[PDB]
């Protein structure tokens, strides 16, 4: 029986275009009138942030605030603008203002919440990652929020998934995990015995479909999958 459904954040709940918007608005605020195109700065920020996250994958948690400070110091030295004071407050304010959910998210979370433990797993940190969900209005729809900062390790290390399962009170076989990353999400959750669901919203990841138990293009399909897994043996499923 599936008793719990876990979701990641980026590309699952919060759209990539929404994440891009937040980061673009941060770059614009940092630059002020400095004569650098903010989209150009954004591309380099994304590259450096991605490189740091990927290097930390599966390792003990590293404070996000320090990562973003190191990235921005590199960018300020590269491009010649003054390093911004209160960078963290800029991050929090822009996360409070910008971003968007995929259009089916609220409906799906509400449909599941009545029948399953609905959890979110966050890899960047606790504070900023939770603040973004709160600003988008979905923080309280979750029965649990579990982060790499709380577990002490980032995906795909097992501890983050172990902690999420403890919050739900079940072993991995009673849970599904939905996310876009075949290694960090599908592989990571399957290591704890969960049923892995790869989210491929654009149908562009076929070469990684073998890394998951199920593939979906939107979150409405998750409800169907869990209902199917739980309808085994009744007269309706038959």
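Positions refer to the first chain, counted from 1.
Mean C-alpha B-factor is higher over 47-55 than over the other stretch, the pair under comparison being 22-30 and 47-55.
Relative to one another, 221-229 and 9-17 have unequal mean CA B-factors, and 221-229 is the one with the higher figure. Out of 89, 140, 150, 127, it is 140 whose C-alpha atom has the highest B-factor in the PDB entry. When the modelled residues of the chain are ordered by their C-alpha B factor, residue 114 lands in the highest third. Sorting the modelled residues of the chain by their CA temperature factor places residue 179 in the lowest third. Ranked by C-alpha B-factor against the other modelled residues of its chain, residue 135 falls in the highest third.
The entry lists a Cα temperature factor for residue 77 that places it in the highest third of the chain's modelled residues.
The PDB entry assigns residue 2 a C-alpha temperature factor belonging to the lowest third of its chain's modelled residues.
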